[PDB]
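Descriptive structure summary
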Amino acid sequence: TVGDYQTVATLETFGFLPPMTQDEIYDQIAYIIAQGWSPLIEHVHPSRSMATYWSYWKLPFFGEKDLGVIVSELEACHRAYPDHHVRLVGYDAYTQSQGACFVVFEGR
Amino acid sequence: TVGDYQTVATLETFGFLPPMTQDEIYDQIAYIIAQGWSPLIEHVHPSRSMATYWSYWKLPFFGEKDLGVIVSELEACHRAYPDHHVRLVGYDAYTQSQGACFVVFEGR
Amino acid sequence: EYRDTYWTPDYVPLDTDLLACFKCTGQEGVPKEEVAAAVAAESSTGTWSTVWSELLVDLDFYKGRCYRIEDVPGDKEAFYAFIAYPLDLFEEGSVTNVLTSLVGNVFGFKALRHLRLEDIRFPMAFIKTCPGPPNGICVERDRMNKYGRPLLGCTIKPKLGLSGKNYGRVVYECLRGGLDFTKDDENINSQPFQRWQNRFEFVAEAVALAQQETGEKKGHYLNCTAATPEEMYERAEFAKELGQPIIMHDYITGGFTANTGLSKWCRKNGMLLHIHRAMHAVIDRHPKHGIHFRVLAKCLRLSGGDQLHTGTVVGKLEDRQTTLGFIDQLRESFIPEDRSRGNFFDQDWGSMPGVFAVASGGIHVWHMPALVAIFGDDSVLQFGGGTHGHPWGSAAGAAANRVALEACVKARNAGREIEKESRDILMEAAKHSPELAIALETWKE
Amino acid sequence: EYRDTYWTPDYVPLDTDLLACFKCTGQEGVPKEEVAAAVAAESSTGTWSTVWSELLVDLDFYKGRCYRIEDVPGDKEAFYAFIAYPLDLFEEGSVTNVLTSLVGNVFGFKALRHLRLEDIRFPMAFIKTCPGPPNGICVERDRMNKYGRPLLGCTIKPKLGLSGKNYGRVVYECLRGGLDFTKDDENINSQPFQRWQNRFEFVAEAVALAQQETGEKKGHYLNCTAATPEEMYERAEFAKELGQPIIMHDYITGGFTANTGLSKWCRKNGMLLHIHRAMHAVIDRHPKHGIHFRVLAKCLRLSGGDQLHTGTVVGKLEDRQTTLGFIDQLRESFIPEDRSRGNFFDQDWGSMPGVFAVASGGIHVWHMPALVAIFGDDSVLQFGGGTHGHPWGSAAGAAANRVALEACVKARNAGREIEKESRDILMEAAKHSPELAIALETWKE
Amino acid sequence: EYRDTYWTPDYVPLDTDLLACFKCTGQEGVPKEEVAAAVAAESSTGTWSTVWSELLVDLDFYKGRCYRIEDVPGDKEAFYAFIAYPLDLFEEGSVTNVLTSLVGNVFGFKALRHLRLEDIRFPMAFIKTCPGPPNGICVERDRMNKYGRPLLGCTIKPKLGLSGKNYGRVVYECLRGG
Amino acid sequence: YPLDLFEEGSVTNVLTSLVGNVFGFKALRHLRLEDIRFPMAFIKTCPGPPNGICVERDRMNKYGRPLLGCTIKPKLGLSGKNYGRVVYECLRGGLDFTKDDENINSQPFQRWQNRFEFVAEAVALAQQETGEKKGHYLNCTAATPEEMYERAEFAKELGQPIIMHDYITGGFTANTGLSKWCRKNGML
Amino acid sequence: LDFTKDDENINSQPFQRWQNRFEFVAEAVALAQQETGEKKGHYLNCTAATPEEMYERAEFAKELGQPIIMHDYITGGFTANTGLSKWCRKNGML
Ligand SMILES: O=C(O)[C@@](O)(COP(=O)(O)O)[C@H](O)[C@H](O)COP(=O)(O)O
Ligand SMILES: O=C(O)[C@@](O)(COP(=O)(O)O)[C@H](O)[C@H](O)COP(=O)(O)O
Ligand SMILES: [Mg+2]
Ligand SMILES: [Mg+2]
């Protein structure tokens, strides 16, 4: 029906766009590393999705300059938790903030 | 001695100038009447000089257009009270204020 | 969206409307009706866009309309746009809201190269919701017992440096010599070299010791401008506890929100309020941009304050007709419409008290007959160096102005021409005062 | 009295001084050293007169001095006057005092035809006394959980007319469709057609019912500008009791005194503060008179507020170098000196948090790649009719901007040129959203 | 002291005045202009006496004046007296003051056998100082969500006797039923 | 009527019950409440006069004769200072009370903090010249009860002995709240 | 002399409570200020066990019209010393 817009539940960033291709994850990870940030993986049960602290996996990749490891550490968190959201974060140590924060896997 | 200025006790208006001549009282009274104000005479003991209400004499000259009566009603208040200040006032009925207020006789 | 839905030439403003005058000139080529219509729109509803929501409302009721176009005399590309606003657009007794609505946005709008708010007609329904002066002219003269003549003031100098005790030393000398007010300068707040509880307490002694020696009531406007409103009320309540009659505030830099909160604190506590118009020349000075000071005087009379700086006297701010125009509006209760004094509207204030007109900045003894002929009796005259600049000190300096003022009054009453016989109203006064006789030799002539 | 006692070409400013830049041109014939010296004097001690009292003080210590004269490039009669002020002249943590001193009087002084305050260097000793932003950029993103992208807003229209319940009806539709903020217009205070306790309560329901349906945190800046400071705090405390995260205030019309009292109320109560720069074009717009908006942005970062309007986007306020100049100063912690962006001084803020740069006024869907390339991520984008003006409503309108924003980000990260490939960053996004696919047809192109 | 200093047939009330209507009939024989003038006086300045103090004031400004006399239809000895009052006589946002001034004293005055306050015109300058309804019609319907129909109520009975718990018993039954 | 029908120390309740409704009832053409007998069990719950006759004569020291008063005129027009001018003249000539007229509340031409303060000087300057205690009933009728108490507390702080109120137009609820404020503060 | 001192030990001992010492000193100071014609003082010890108690003694001493007080900053702590030091600026005490 047009035009009847239905409110949809989203995560936050990149939520209105379709799920990312493997090649898109490559370029977002490469951008995160090229800014000098630290990657960090999280996950929750989709019901606890509004908790203030998700769950780590396993420790932030401090000083990692290779994106071929993070694309394999993302299938590990997903296979270990096939009903969890899998978030990707980019830690900024000088500002104490996050330069990136987008869900990669949505939770089967 | 110059220049050693001594603080002097004054009344308020026209206090820094010498005492007025009879001819000066004429012109101030004529100005008071020509504005449409009501003349009013007061007096106090020079010690009670900072009271908020002096003492009338006798009733305000409502609608008096003759200044030859007020110059004779000023010697009466003075002769009756030869140790009092004798003030001259000009009542404004539309503003509820005073358009004039100066001591005429200083108190023998 | 092309307007001329805001150009109503047939409309007759209600008695509850809020009128406004704008001196405007827009882009080259566009007709005047369109460009004044854009001023009507951008200061009220700022529309029409195309939304579903703008049809949930009767927007022909809240729209502001421009009912008259007139031509500026002496200029061709400019015009006068008179615009009417419904009384519902504004909050009651809020002057912060009436300016935020009017001048909040239209000045940035792109089609106008020049726009100046010249005047505003407030309706009697709006005036009665505002606090107004805490006391007024006639109540101040009652509380201080000063009748028949203008009041006199001085501003203590040096502005920067004096301790709390030397300050009170100089305050004591000007008061004991003939003046009845002294002023804190606008800068004096609570600097490291002179905290405010030390200045407030030593002034309270200089005022109370000169009031008893002269036998007249005296005062000093203590500056209660602060960084927070909790701090401002604290200084106000210190000053009232010390038994002081009057304080001071800066309304343009401290804001109308603070000025109105202070103005209504003064009515419950019976204090007087003196207002300083700091940073006025940033807005008001240039003849084609910003607001006229007239409009900021009306908003001040509506918000509060019993005295307001009008200045500026070297030898005066200069035309005189423009100044006498908004002195009327600060003092009178009904002001007709006169274009020479730049009153575009008939303004009725009903029973709201007036505000003292303070003249300031660089007066000397030969300026008295021109400042008594121009300003009248409901004025304050405040010199900075006129008192202090006398060869014999600050008490002999005040004693020379108080003699020259009372000689100019008593010559105005007796029918003489003060602004025309000024030299014999003064040289015949110096025959009976050696303090003025030497002041006339310095500031010659 | 002839000055050049304020023209010190050999002086080297301390690290505790407060520097200032003035773009000036004086009367014809007088040399530049004299006329800049007059600006040095009239903004500090305003002297020398000849008084007995001005010798009770060491006035060579409190004097303001002009240490550099430079020529404006592209103009001949104008010049740049750099003037240094001792730290003792000002009150600590008071921005109302720093402007009252500087721009309080010099603008009326007669020898200058044109004078513009361009910049001010604040010293680190002064910065640490001021409150600053109640939260800042990095704390706001923490409390709201919004990372990696700019925030989005809308201003509810019609400004004039909607009841408390229809207002919340339109607030609910824009929030539930993709935005995360809505705005009270500057006019909305407490008008007869919509009192503030009725607007505050029905918005609190539209915000709380859209936060739960989307699963994201949402807000609405409620306007707590009032006529008194007692009234302003009352609205702030109503809004906090309703559980709301953010409010709004007008600092130029409500004054810095009120703005600083509100800014420190927000720190003890954990609220966010959004600032609207109403009546800025009255002062800031004309290129030779008044203050630059840069200086009023520094004073705002010092007084408080976490977001500040910078506008104005049709298609932008326009040069871009001047705008990017004081966006640096609102956000960065150390800003070098660059004349192209009009920074005359090296300004260090130490550890004081930044302020969000709000772009506003007339954005539409084709402006996203130019407003993401220019402003970056620590920006808010606020349309008035960009959301509401969509053929299918206010929720389908918000859903089209949120899709076009997240398509421009994810193309900036991946190394593409957003402001240069804008049409394929958008047409390839409309292939996966019929809400944007129809928005691109309307606001063509 | 004979009045007809309060009978101004030529006056045109301002938009800030507070008008009033009185249905009156006075003693037998006295003309209507005098007796309506007495109502004008006794509800404002109640004068003139003869005092020194009553000349310290411009009393032609605070006086209330009667600008129109009209005849009651269906009665002969009665008339309608329309009287105008300056806005300065009243306190702002005070309705206790507007009645204390108007009906405070004139009803006891002896020359009138019958006097009835029928109407009052309040000016917009006075209305804006008063608080008014705390909510109103359109805000009550919003807060309660009741649209398109009149509301319904009941008054609990017996008025005298029920405990706090039996009261709530009967309140619960009327509400749960419609 | 049984004593249980009424609230204790409430006169607003005793009239609301009695004359609240019967006057509209249709079968009666004429009805007039002539008298009421109150029982001693009800009288003792009410506040009563804050002072009374014998306590007022004590506090003012006036014995053996009736008291004398005057009502200041013109009612409409006088400033706060001219008011006190006329108050001072009647007191200094032989009376012991003056009265605010019922209309005088806080009109534009004479606010109440200006009338209250200049009367306080006319009363205090005539009390010392005659050597007798003098007073002026200041009208503390207002539009709100918060405003009424504010005027009462201004008048007590100025050292004044007596005030005034309009009970039929201001209501028994306000009149009883003021009447019990006068007992804790010792005012008439 | 122009000052006298409370010893550091004098707080509020059983043999001499502090409201009794504060009040009789206020008379010895006020009766010597008038006889000599010079301003005189006595540092009253407002060191206590709690900060609520310290402020109470400070406000008693100011109400008695006294110009100066005393405190022990090493044993009473800098937290208490700074709270007292800023109470003295709003109240004009030494
Ligand atoms: O420029 C002058 O003429 C004065 O210094 C007076 O000089 P004299 O002392 O020689 O008379 C003015 O008073 C000040 O400029 C400003 O006035 P104020 O400081 O009073 O506000
Ligand atoms: O002029 C325009 O283009 C708009 O009306 C949008 O039109 P559409 O609705 O047709 O897109 C602008 O949004 C407003 O002028 C100001 O913006 P805002 O009201 O958002 O502050
Ligand atoms: Mg001059
Ligand atoms: Mg655009």
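Residues numbered from 1 in each chain as written, not as in the entry; some residues may be left out. Chains lettered and ligands numbered in written order. Part of a larger assembly, values for the part shown. Heavy atoms only, no water.

The PDB entry lists chain F under the name Ribulose bisphosphate carboxylase large chain, with Cyanobium as the source organism. According to the PDB record, the title of this entry is "Cryo-EM structure of an a-carboxysome RuBisCO enzyme at 2.9 A resolution".

Chain E is annotated in the PDB entry as Ribulose bisphosphate carboxylase large chain of Cyanobium.

1. Side note on the overall build of chain F
Check the secondary structure of chain F and you find eight helices and four strands. Helices (α) and strands (β) of chain F occur, in sequence order from the N terminus, as α-α-α-β-α-β-α-β-α-β-α-α. Seen through its principal axes, chain F has C-alpha atoms that stretch 60 × 40 × 30 Å. Evaluated residue by residue, chain F yields a buried proportion of 43% over its 188 residues. Pairs at least 24 residues apart make up 69% of the contacts formed inside chain F by residues separated by at least 6 positions. Summed over all atoms, the accessible surface of chain F reaches about 10,100 Å², with 54% contributed by carbon and sulfur. (Helix = DSSP H or I, 4+ residues; strand = E, 2+ residues; numbered from the N terminus. Buried < 20%, exposed > 50% of the residue type's maximum accessible area, 1.4 Å probe, protein only. Contact = heavy atoms within 4.5 Å. Areas by Shrake-Rupley, 256 points an atom, 1.4 Å probe, with all protein chains shown as cover.)

2. Concerning the site of ligand 2
Taken together, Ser49 of chain C together with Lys157, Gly362, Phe383, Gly384, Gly385, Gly386, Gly389 and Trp443 of chain D make up all the residues around ligand 2. With respect to ligand 2, its neighbouring residues span chains C and D. Between ligand 2 and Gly362 of chain D there is a distance of 3.3 Å, counted from an oxygen atom to a backbone nitrogen or oxygen. At 3.3 Å from an oxygen atom of ligand 2 is found a main-chain nitrogen or oxygen belonging to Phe383 of chain D. Coverage of ligand 2 by the protein chains reaches 64% of its 480 Å² of free accessible surface. For the shell around ligand 2, the class distribution of residues is two nonpolar, six polar and one charged. (Near = heavy atom within 4 Å. Polar contact = N/O pair within 3.5 Å; in protein donor to acceptor, adjacent residues only side chain to side chain. Nonpolar A, V, L, I, M, F, W, Y, C, P; charged D, E, K, R; others polar.)

3. Some words on the pattern of salt bridges
The tally for this structure, following the rule as stated, stands at 78 salt bridges over all chains. With its nearest N and O atoms 3.7 Å apart, the salt bridge here joins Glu70 of chain C to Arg339 of chain C. Within the structure, one salt-bridge network assembled from shared partners comprises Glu12 of chain B together with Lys146, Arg149, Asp180, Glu216, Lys218, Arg402 and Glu406 of chain C. (Salt bridge = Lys/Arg side-chain N within 4 Å of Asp/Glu carboxyl O.)

4. Things to note about the sheet that holds strand β10 (residues 290-291) of chain C
Think of a sheet as strands paired side by side through backbone hydrogen bonds, with each pair either parallel or antiparallel. Residue and element names in this part refer to chain C. One open sheet accounts for five strands, arranged β2-β3-β1-β4-β10; its pairing is mixed. What marks the edges here is a single partner per strand, and that holds for β2 (65-71) and β10. The strands touched by helix α11 (residues 293-303) are β4 (112-121) and β10; relative to β4, the strand with the most contacts, the crossing angle is about 40°. (Pairing = 2+ DSSP bridges. Axes fitted to C-alpha atoms, helices over the stretch in contact; angles between N-to-C directions.)

5. Concerning the arrangement of the chains
Inter-chain contacts occur across 10 pairs of chains; the most extensive set of contacts lies between chains C and D. What separates chain A from chain C at the closest point of their C-alpha atoms is a distance of 14 Å, and the two make no contact. There is no contact between chain B and chain D; across them, the least C-alpha separation is 14 Å.

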